[PDB]
Amino acid sequence: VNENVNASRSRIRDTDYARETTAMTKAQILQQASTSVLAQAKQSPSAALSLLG
Amino acid sequence: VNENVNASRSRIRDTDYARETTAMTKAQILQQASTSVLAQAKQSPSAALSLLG
Amino acid sequence: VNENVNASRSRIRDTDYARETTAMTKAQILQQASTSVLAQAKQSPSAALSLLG
Amino acid sequence: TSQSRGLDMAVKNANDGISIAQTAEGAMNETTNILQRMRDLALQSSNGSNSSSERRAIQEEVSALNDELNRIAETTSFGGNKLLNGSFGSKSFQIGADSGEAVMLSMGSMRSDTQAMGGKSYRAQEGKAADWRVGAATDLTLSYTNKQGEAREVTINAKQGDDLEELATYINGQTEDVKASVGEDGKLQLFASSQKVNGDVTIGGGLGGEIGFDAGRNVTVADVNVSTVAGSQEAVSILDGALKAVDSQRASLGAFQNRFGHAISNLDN
Amino acid sequence: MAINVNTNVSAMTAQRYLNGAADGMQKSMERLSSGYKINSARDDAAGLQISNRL
Amino acid sequence: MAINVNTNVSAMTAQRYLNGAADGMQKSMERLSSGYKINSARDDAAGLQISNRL
Amino acid sequence: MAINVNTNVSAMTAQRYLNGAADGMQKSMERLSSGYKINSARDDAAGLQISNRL
C-alpha cells in the first residue's frame, strides 16, 4: 500500500520535467518575442516626431 | 487525440511568425513611406503662395 | 518462424537510425538556410524606401 | 486578389481536413491495438489447458476491451463532432478557390457492433470423435460471391485419413476467403467475413453433405464469447475481419491526407 | 519587373520551403522518438497493412 | 508547417513516446527484481489465475 | 542492415539457441541423476516399452 500510495501521490503532486521544461522554454521564447516587439512598439511616437517635428 | 487536437488549434488559432513578421515589415516600410510622402505633399500650397505672394 | 517474421517486419516498419538522422540533419540545415534567406529577403522593401526617402 | 483570398481559405480548410483525418486515425491506432490484444486473448483461450474457470477470466477481459472499443468509437470527437461513431457520414472539404472544387471524405462506423466488424458463421451439426477419419467421399465445395459482385467457386479435395482438426487446418491453407475451426464436440465451423463474402455460402459436396451445415449466424466483435473453445476459435477469425476492416479504412485515410499533402503544396505555387 | 513593397514573393518562396523543412524535420523527429518508419498510413498506406499483419 | 511557439507538437510527440518507453522500463525492472512475468492481474489475467491455482 | 532499436533479431537468435542449449543440459543432467537414458517416452518410446517388458 505504501508503494502504491506513493505512486498515486506522484501522479498528483510531483512535477513532470518533460512538460515543465517545455513550458518554461515556451515562456522564455514568448517573452523574448514580447520584449523585441516592445522595442519596436515605442518607435511609433518616434515616427511621429520625425514626421514633421 | 489530445496531441492532434492541439495541432489543429495551432493550425488555425496560433499565429505564424514567418508570415506575420514579413507582413509587419511591409507595415513598417509603409510607415516610412507615408511619413515621407506626407512631408513632400504639403509643399504644394507653399509653392502656390510663392507664385503670387 | 517468429524470429524470421520479426526480422521481416523490421525491414518494413522499423526505422533506420543511420538514414533518419542524416535526413533530419538535412531538414535542420534546410530551415536554417531558409530562415537566413527569409531574413535577408524582407529587406527588399527597405531598399525601395531608401531609394526615395 | 479574389483568387489569392480563395487559395488562402482553401489551404486553411485543407489543413482542417488533415487535422480531422489525423484525429480519426490517431484514435484508430488504439482501436487496432485493442483488437490485437483481443486476438491474443482469443488465441490463449482456445488452448485445451485452460479450464472452465480460466475461460471466464479471458471473457471478462475481452468484454471489457469490447466495451473499450465502443468507448473509443463513441467518444472520439473533434470540436464536439463525433468522428468514429458513424454519425459523421460524408463531408466535402472545399479545397479550391472557386465553388464546386471540394473533395469528399467518409469514415465508416467503427463500433464493435458494425456489420463490417464481423461476418457469418456456419456450424457442423454432427460432432466427430477423436477416432473419425475421412472415408472415400472427400470433395467439398463452397459457392458464394465476393464483395466485387462476381461468383467464386472454391473446391477442397480433403485428404483421406485426416481427422477433423487436420481437416480444419487444410481448409484454412487451401483458401483464404473462409476460415475453418473445431469446437468442443468436434463440429467443424466455417467463418465467411462480411468484407470478402456477400450473400449466403452454399456448402456442398460429398464431405459437406456428410458433415452437414446449418444457417449462417451473423456475428461481430461484440458477440465474441471466449468462455467456450468454439467461441475462442471463432473469435480469432472475427477479429481478423475486424482488423482487416480497420486497416483498410486507415489506408483510405492515409491516402486521403497524403492527397492534401500534395494539394496544399500545389495551391501554394 | 519593378521594385515594390506590397508583395514579397521572394520572401514567400523562402517561407514556403520553410514549411517543407519544418515538415521534413517533424516526420524525422517522430520516427526517431518512437523508432518506427510507420506511425500512420501517411508514410506508407500499403506498408502499414502488411506490417500490422506481420 | 508554419513556425510555432505556443504549440510544440514535436515535443508533445517526443514526450508521449518517453512515457511509453518509461512505462516499458518500469514494467521490465519490476519483473527482473521479483522474477515473475505476472506480478499483477494487469499483465495476464488468465496466466495469474492458472499460476495461482498451480 | 538498417541499424534499428525496437527489433533486435540478433539477440532473438542468441536466446533461441540459448534455450536449445538449456534443453540440452536439462535432459543430460536428468539422465545423470537417475542413471537411465529413458526417463520418459520423450526420449525413446521404443526403448521404454522394451525396457519395461524386459
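Derivation of every value follows stated rules applied to the coordinates shown; laboratory data play no part. Neighbour counts are summed over all protein chains in view; Cβ atoms, including those assigned to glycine, are modelled from backbone coordinates with ideal geometry.
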Item to complete: Taking the residues in segment D:81-106 that are in a loop (DSSP other than H, G, I, E, B) and aliphatic (A, V, I, L, M) as candidates, determine which candidate is nearest to D:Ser4 (Cα to Cα).
Response: D:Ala97
Discussion item. I'd like the full set of residues that are loosely packed, with under 11 Cβ neighbours inside 10 Å, basic (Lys, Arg) and over 19 Å from F:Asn19 (Cβ atoms), limited to segment A:7-45.
Written reply: A:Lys42
Practice prompt. Tally the residues that are farther than 19 Å from C:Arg9 by Cα, in a loop (DSSP other than H, G, I, E, B) and of a type in the set (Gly, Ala, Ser), restricting the search to segment G:1-45.
Written response: 3
Worksheet item: Going through segment E:1-19 one residue at a time, which ones are more than 7 Å from every other protein chain (Cβ to nearest Cβ) and either over 20 Å from B:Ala33 (Cα atoms) or within 24 Å of the chain's Cα centre (by Cα) (or both)?
Response: E:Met1, E:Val9, E:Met12, E:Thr13
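Taking the stated definitions as given, is G:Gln26 free of Cβ contacts under 8 Å to residues at least 60 places away in the same chain and within 30 Å of F:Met25 (Cβ to Cβ)?
Details: free of Cβ contacts under 8 Å to residues at least 60 places away in the same chain: yes; within 30 Å of F:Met25 (Cβ to Cβ): no.
It is false that G:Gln26 is free of Cβ contacts under 8 Å to residues at least 60 places away in the same chain and within 30 Å of F:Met25 (Cβ to Cβ).
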Worksheet item: Any idea how many residues of segment D:196-207 are in a helix (DSSP H, G or I) and surrounded by 20 or more Cβ atoms within 10 Å (Cβ to Cβ)?
Response: 1
Worksheet item: What number of residues within segment D:211-247 satisfy the criterion of being of a type in the set (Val, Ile, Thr) and not in a helix (DSSP H, G or I)?
Response: 5
Discussion item. For the structure I just gave you, tell me whether D:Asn146 is touching a residue at least 12 places away in the same chain (Cβ under 8 Å) and under 18 Å from D:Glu210 (Cβ atoms).
Written reply: no
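Residue by residue, here is whether (1) without any contact (Cβ under 8 Å) to a residue 24 or more places away in the chain; (2) among the β-branched types (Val, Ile, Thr); (3) more than 11 Å from chain E (Cβ to nearest Cβ) holds:
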position	(1), (2), (3)
D:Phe213	no, no, yes
D:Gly216	no, no, yes
D:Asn225	no, no, yes
D:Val236	no, yes, yes
D:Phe256	no, no, no
Worksheet entry | Residues that are within 8 Å of chain F (Cβ to nearest Cβ), touching a helix residue (DSSP H, G or I) at 6+ places or on another chain (Cβ under 7 Å) and either hydrophobic (A, V, I, L, M, F, W, C) or not in a helix (DSSP H, G or I) (or both), drawn from segment B:1-28 | B:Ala7, B:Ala18
Discussion item. Can you tell me which condition D:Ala242 does not meet? The list is (1) surrounded by fewer than 23 Cβ atoms within 10 Å (Cβ to Cβ); (2) within 27 Å of D:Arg55 (Cα to Cα); (3) within 14 Å of chain E (Cβ to nearest Cβ), and all the others hold.
Written reply: (1)
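Mind listing just one residue for me: the one in segment D:21-57 that is of a type in the set (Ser, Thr, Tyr), part of a helix (DSSP H, G or I) and over 23 Å from the mean Cα position of the chain (by Cα) and, of those, farthest from the other protein chains (Cβ to nearest Cβ)?
Taking segment D:21-57 and keeping what is of a type in the set (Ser, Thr, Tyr), we get D:23, D:31-32, D:45-46, D:49, D:51-53.
Right, trim to part of a helix (DSSP H, G or I) and you get D:23, D:31-32, D:45, D:52-53.
Now restrict to residues that are over 23 Å from the mean Cα position of the chain (by Cα): D:52-53.
Values: D:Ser52: 11, D:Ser53: 7 Å.
Among them, the one singled out is D:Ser52.
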